[PDB]
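*Asks:* Before I ask anything, here is the structure I am working with.
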Amino acid sequence: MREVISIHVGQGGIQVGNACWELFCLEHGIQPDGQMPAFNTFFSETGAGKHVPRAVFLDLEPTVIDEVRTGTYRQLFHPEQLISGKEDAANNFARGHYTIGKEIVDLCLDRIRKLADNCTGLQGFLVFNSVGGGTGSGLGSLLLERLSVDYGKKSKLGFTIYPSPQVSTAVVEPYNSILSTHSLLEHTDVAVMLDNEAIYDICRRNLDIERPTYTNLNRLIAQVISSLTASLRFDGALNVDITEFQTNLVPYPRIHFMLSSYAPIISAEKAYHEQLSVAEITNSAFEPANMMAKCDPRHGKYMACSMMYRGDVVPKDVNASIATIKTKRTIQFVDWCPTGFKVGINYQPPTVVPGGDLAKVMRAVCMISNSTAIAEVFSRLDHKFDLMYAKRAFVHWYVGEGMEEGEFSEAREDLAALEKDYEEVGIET
Amino acid sequence: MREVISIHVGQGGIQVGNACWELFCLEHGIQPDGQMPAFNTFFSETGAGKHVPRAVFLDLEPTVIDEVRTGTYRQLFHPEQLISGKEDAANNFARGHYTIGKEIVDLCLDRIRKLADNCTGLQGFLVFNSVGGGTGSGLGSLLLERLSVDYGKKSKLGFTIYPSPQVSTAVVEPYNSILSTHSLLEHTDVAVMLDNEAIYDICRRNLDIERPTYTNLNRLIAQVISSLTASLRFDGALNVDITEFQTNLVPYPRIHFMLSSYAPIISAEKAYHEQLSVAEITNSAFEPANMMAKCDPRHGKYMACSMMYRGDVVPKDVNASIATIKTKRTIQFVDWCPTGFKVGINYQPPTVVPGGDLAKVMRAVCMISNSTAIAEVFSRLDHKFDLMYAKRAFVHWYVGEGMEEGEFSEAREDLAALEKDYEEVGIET
Amino acid sequence: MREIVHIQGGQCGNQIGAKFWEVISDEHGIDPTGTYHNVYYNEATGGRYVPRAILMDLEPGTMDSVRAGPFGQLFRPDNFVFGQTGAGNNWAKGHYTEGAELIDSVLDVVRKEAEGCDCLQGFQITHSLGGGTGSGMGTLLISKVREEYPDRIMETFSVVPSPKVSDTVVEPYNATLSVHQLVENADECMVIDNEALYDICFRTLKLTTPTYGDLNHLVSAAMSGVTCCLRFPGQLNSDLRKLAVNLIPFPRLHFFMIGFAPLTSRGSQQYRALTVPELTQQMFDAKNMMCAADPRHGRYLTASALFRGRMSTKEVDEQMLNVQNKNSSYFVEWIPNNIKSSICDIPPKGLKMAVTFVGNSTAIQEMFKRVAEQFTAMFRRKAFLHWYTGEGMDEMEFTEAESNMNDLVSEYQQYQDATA
Amino acid sequence: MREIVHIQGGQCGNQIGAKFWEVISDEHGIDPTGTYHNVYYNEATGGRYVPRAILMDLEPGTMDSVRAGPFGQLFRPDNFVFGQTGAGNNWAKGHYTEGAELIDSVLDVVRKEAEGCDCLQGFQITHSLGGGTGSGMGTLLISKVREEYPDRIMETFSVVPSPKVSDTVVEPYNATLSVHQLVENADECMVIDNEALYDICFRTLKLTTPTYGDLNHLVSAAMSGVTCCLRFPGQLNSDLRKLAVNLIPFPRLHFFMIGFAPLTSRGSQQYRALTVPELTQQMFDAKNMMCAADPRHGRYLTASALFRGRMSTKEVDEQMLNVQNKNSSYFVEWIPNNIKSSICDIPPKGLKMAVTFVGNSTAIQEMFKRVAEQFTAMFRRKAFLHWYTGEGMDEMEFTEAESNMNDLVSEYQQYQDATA
Amino acid sequence: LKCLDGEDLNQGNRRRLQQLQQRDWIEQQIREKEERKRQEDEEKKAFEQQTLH
Ligand SMILES: Nc1nc2c(ncn2[C@@H]2O[C@H](COP(=O)(O)OP(=O)(O)OP(=O)(O)O)[C@@H](O)[C@H]2O)c(=O)[nH]1
Ligand SMILES: Nc1nc2c(ncn2[C@@H]2O[C@H](COP(=O)(O)OP(=O)(O)OP(=O)(O)O)[C@@H](O)[C@H]2O)c(=O)[nH]1
Ligand SMILES: Nc1nc2c(ncn2[C@@H]2O[C@H](COP(=O)(O)OP(=O)(O)O)[C@@H](O)[C@H]2O)c(=O)[nH]1
Ligand SMILES: Nc1nc2c(ncn2[C@@H]2O[C@H](COP(=O)(O)OP(=O)(O)O)[C@@H](O)[C@H]2O)c(=O)[nH]1
Ligand SMILES: [Mg+2]
Ligand SMILES: [Mg+2]
């Protein structure tokens, strides 16, 4: 009577979803080919032997879907969930949201309707996508719109890979990343900011590797997602359903942009020389050098923190360490929210993916913080946007596909107002 | 329920720290490969079997800090407790004190904060810096500033190595030893002057070893510091504490510069042919010959004397020796301190490091003398400063790092204040 | 004769009720197969015993918490009102949207188990005041049953939001929105707070790893003791209505404090001396109770002491008189002999004497400020308010409730320091 | 009846307390496990006997001393109130800043151990006057309890620092700060110094290596002999208030010297017998006492002598008359028959006669005079003063405190030359 | 209620057992990591030889 749909769109979304399904099929004893030698949430009995995962993979460039169809888990999925287009995204918006995306959105909605009928105790969605791309934003925006006008009450869990400050893999990512906000606000309930440069540095210092790769990023994001859904999937002294998120992290439905953090991200040799109890782990969890987003909360405030402790952890130690961390001076909460820490416990430790660099440890804490510092990120992005739109750069590639140019400023209008709203909630009464 | 953090900056500091941790790991039988086949003040159980020491080792020069990273202790320390830069500092203060160290002190102070919030009853710090070393003096002064502005109430007991009055191992030391004076004076409550020529004479006239080297001096200093921490470490018929060590040797908060002495430094031949009575060991712990900081205390005056023994002693004998010492004439006290002797006993005789010329001895005495003859040292050192700053020699190396030379006169006047203060209090009422 | 039904709601309430049923089976000597080895249990074909406890909750997961644990086979499957969603920390779910969908069935089952009796002495609920499910569902249920049987009393062993160590963020809203009704239609609202429970578990027993099972064990033992002067004979018996008469001067000061004795660690127990004076001195202290309101910061309007075992009644009564005359300031003067006693003739299993202290004091008012103050800093900015605003609430429903809370606490003051 | 709570404090205080308790146990025939083999001890379930004593220290190390050393299993695991920081030989620390955080709990436990008594004859303390923890915390507790229980007495077995044999350097500050309070809230401050103990264990017993345990044992023997005439029957009984009246003729002249008899070396033990002539000739000796002050440099206002064992009282009284009428100068004239006796019926373990000589003399003004000097220098240069200022205490106190000191000795000196 | 098993009596055993298990897993992971690193180095050497040929 519990399940979630995991829609994976774009390119980064589908790869992090591949890694996520690796981790899931692992920890539930499922074999990658589908058979089996606590899973009604993600996987499901098919009707003949195997088990199929609740997921649909949309994409236009057939390369990644073909790699999945000929990779290791070829028998896992259902050959309909893998919706592969015919053209590419070309890193713009109207070619995934106005012209071509309409050729796939209806088939997507039919498949999603099938997945919904095949389920009973629905709880929400888990969309993964980059926004710095062309189809992860456009088709993602269209799909969000169709769902919000089709299903309604069920809350969506966006996981959007934004552009980091320095590292850059496309020159037009500010444009479409700003274009996607016009639809991220309205339809999406929870949006978890994930950058890459922060995860790069995280893999550098903690995991001691010096040649990290996208696969490692995806492994870590899969770990965070599994620790997110452990409460639905497994036991726990203090369980946290997926409604506790919306009723604990969303002061106003227009300010719901959270950012992640995870611990302990330690290599093998660096845990040998490390105590790593609950106190140390909840001290490390707040270190901005461990956040999964380029933001320094020292220049912001915290509204709420959902902390899920998986593994053998007693509650009284959590309460005491929470008291300590809230008593610190450099981590200040807002006055209009004096009690902020929503803590849950699960009696299962992490389950390391085989062949990974991470070290397996009896305890782990996953923090998801609704804060006010992330606002500056948006501001930064607008900066970039302006320095292009001041000279009308690349507007032709968008106007060529029916995209009425008057939306652009409107986006930088609406998003701009968004920033003021953060300036409305940092007001110490 | 009691711990102590040790910091080792500079080259000589990290060397004497290597020797000191060798002696410690031998004292509690902790094997130099970490795992063990009275320690919670120093070591900590690292969550899996073995132990880690409570200390950080800072040095911009990666020579010696890497030499340890590959030496016979790389399995003991934690690889994050070993901080290295990219080059040296080259003996000038402002190099490793304003520009370069500015980045490394952040990571250092972070490590120190992690250690602090990992310990329970931290009592004090124990820094080390050969003030002649540019990186040593500079980075140590920066750390002292940042800790005194961060921690506050906790105490700090430096153990610095000065340039000898007559012999020297560099030409610009009298510069970068004056600049550290204000830092070590205003942000540190204790200080213990050490100097090689004194220890060299001690070795050459007690142990008969004719050609000593640094490592012998460092082993002996390790012995002194172990006899210091013995009270907090082990049992004791009459114990002392750092919290009592400070408030029994600091008559005024700005005259706390104490010299040290130790006995008995004897080899095997001078051990077997020796009665080794408490009276003789105490009457030898006063001879200006074996004072571990070059001066003539007879021509000066004493203010306070801590006498921390170890081994089997008879308090009757200790007090009788104290009396017959106060009877003497060459060593006279100030008027304003009638009871000038604090003593302390422990219950673990000295340890012996295979690789050292010291002989196993049932008893031992470590004396910390807060006196006024120590001012003489500064005088001579001050002398050198004149004969340099008169002609601005080498000042351009300083100004070539952002430090305007005007700070020189400020530090010189600050030290002249002490040079005048000491020669003032040493009078009657 | 003088029977009781046991409604449980919310995760905390259901877990504490499970613990309480294990303790009751431990006392009356019933192994989990429901056989002997009418006040609480009920007979069934074959000499089986089934407890008259209806278990309700919005999320079904708690089933695997009440059936899996030991002694979980005593209950009957027809007494499980388990929905499918889970109000999820939201009050309005269990009171306006989802509440009214299972309230009908739970009303049916409680009526079925009520008519099966002959002398319904009263109800006693176990739930929380912070969680949406517990608060909302239990409050709606209490409302409807006080609208149904206005003559029988209804005790609630309802915990309160912890003063300092909080675990949720929407706490004060639920706390106030449930107090606004528990002040109206309750009789014995025994309040319990996790902070004081940890205080006891860390200073009175010197334990090291308190799991929720231990706090539940403690509060359930106190729950047993408070009414264990009825199941057994007594040199001076008592019941629920005696407490309800001797413990509330005015019809709205009905929020009590609970304490238990004796409590000793390993060493202390190896050295402690168990005599009525020592139990008294341990009982009337500050941190031997389950309410983070230091009783010296107030005065006891009244307080009952239920002793159990074989003691000397003169010693008990003389000790009551002595402790009232000794700390005469900490009590209240305009009610003479403001301390009440009661004595049962049988101690718990494994003991030889034990006391349960139930004090209606004016000290709890501090609590009803701090939590209330929390609300004032979370409602003056509409923080998280759109959720409750969306499910059918109204701003008045909040504000007046707050005022009511204020009113309530002010009442204590208004008639704490009064005399003639 | 006439119970006595024995508070301890400080390192030396705790050592002397453990020694005193093991001596009392080996007297009353109490094995180190607490079984026979109310004035001091207290009953415990199963027939155990726990000592009615409270330990205290600002550092926890001393804990694992008293539990380690023999006769540690007796003390109750609750009375071990302790701190972490440690006053660290700084009076302000252990009297205003840190110890003041624990004084509340120490008062609570003392109030719990004083309400459980029928007739509390008084208190008794044992603590150094130089150590921060001991002096500071003890004297604050003294002020508290003497503003609590005015009708009862407050005895302190303080151990003043002998100036010659010194162990600390900031000692005179603590000494004067403790004497300024003990002159105001105490009744019998029998002082002890280590010089006299070294001399005794070095000359009158011919020991070789006097361990601190041994001098502690000597002080424990004196302390046990002080009040023995109350715990056992006697042809001439005594207590801690007959003593408190036959001695102090002025509300502030309450500083006593102790003396034990008989003490003889092991090698000379089989030699000269033990009868009241030898006990008298050994008792009044200047260097037989436990105070570095030659009575030849003064006189006695009063001298009590508590004999233990069994003897013809007429011989005792005849020897008293003889020693007074031959040593008439040492006894001041304006008080007639200034010497007092009290004979019990049970000697200690081993011996058959015993003498506890307690003298309130005017010859211990020196034991402050010299200390006065030890202050006046170390103050007028403000030596180590800043360690006392930075903790809240203002310099002013020291000044006025020294005043009292002078006033004190001034008073003494007057009674040395008020002839009649 | 005289004694409650909810307190942990054998905390030392829990601590030591967890320590030993953690050391075991750390050893296994160290070994597999060294193996992987050496295999990567040998593959790089193979590419070196191909290019030289
Ligand atoms: N963390 C993470 N980010 C990825 C991954 N793969 C791609 N990305 C991000 O995707 C962005 C590249 O643009 P795309 O996502 O490929 O553009 P698109 O909208 O998907 O259009 P197509 O490339 O045609 O599918 C970059 O910002 C990447 O950071 C991945 O595996 N892990
Ligand atoms: N007693 C003792 N002194 C040492 C030892 N090693 C170095 N010293 C002293 O260190 C001082 C020189 O300063 P260093 O800190 O070594 O030079 P540095 O660290 O390279 O500083 P930069 O050149 O600026 O980078 C000299 O006075 C040495 O006598 C040792 O092992 N024992
Ligand atoms: N003393 C005690 N308190 C608990 C326990 N379980 C939960 N609590 C608290 O009770 C509150 C939640 O109440 P709950 O029964 O879960 O209702 P719900 O949140 O609406 O489902 C939270 O503040 C929990 O911390 C327990 O087992 N013992
Ligand atoms: N006669 C005797 N004196 C002691 C003994 N131990 C300590 N002393 C003295 O007690 C003084 C220390 O004071 P103390 O209050 O115990 O130290 P603190 O606990 O740190 O405050 C020192 O002068 C010690 O010499 C002992 O065993 N016997
Ligand atoms: Mg695309
Ligand atoms: Mg260097």
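Residue numbering for chain D follows Swiss-Prot; the residues present correspond to positions 1-37, 48-430, in that order.
Cβ atoms are placed via backbone N, Cα and C, with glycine included.
From Swiss-Prot, for reference:
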BINDING   D:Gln11, D:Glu69, D:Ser138, D:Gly142, D:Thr143, D:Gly144, D:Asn204, D:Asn226  GTP binding site
BINDING   D:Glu69  Mg(2+) binding site
*Asks:* Quick check: in three-state DSSP terms, what is D:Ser138 (GTP binding site)?
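*Replies:* Once the DSSP labels are grouped into three classes, D:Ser138 (GTP binding site) ends up as strand.
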*Asks:* Show which residues of the chain containing D:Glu69 (GTP binding site), separated from it by at least 6 in sequence, have their CB under 8 Å from its CB.
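*Replies:* Listed in sequence order, they are D:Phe92, D:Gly93, D:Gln94, D:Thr95, D:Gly96, D:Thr143.
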*Asks:* According to DSSP, does D:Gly144 (GTP binding site) fall in a helix, a strand, or coil?
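*Replies:* Looking at the DSSP assignment, D:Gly144 (GTP binding site) belongs to a helix.
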*Asks:* Determine the Cβ neighbour count for D:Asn226 (GTP binding site): the number of other Cβ atoms within 10 Å of its Cβ.
*Replies:* 20
*Asks:* Among the binding-site residues D:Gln11, D:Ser138, D:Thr143, D:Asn204, which residue has the largest number of other Cβ atoms within 10 Å of its own Cβ?
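*Replies:* It comes out as D:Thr143.
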*Asks:* Suppose we draw a 10 Å sphere around the Cβ of D:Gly142 (GTP binding site). How many other Cβ atoms does it contain, all chains included?
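*Replies:* Counting Cβ neighbours of D:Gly142 (GTP binding site) within 10 Å gives 28.
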*Asks:* Would you count the other CB atoms within 10 A of the CB of D:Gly144 (GTP binding site), including those on all shown protein chains?
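*Replies:* A 10 Å sphere around the Cβ of D:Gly144 (GTP binding site) contains 32 other Cβ atoms.
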*Asks:* DSSP three-state call for D:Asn226 (GTP binding site): helix, strand or coil?
*Replies:* helix
*Asks:* Would you measure the largest Cα separation among D:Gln11, D:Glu69, D:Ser138, D:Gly142, D:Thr143, D:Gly144, D:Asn204, D:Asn226 for the GTP site and round it to whole Å?
*Replies:* 24
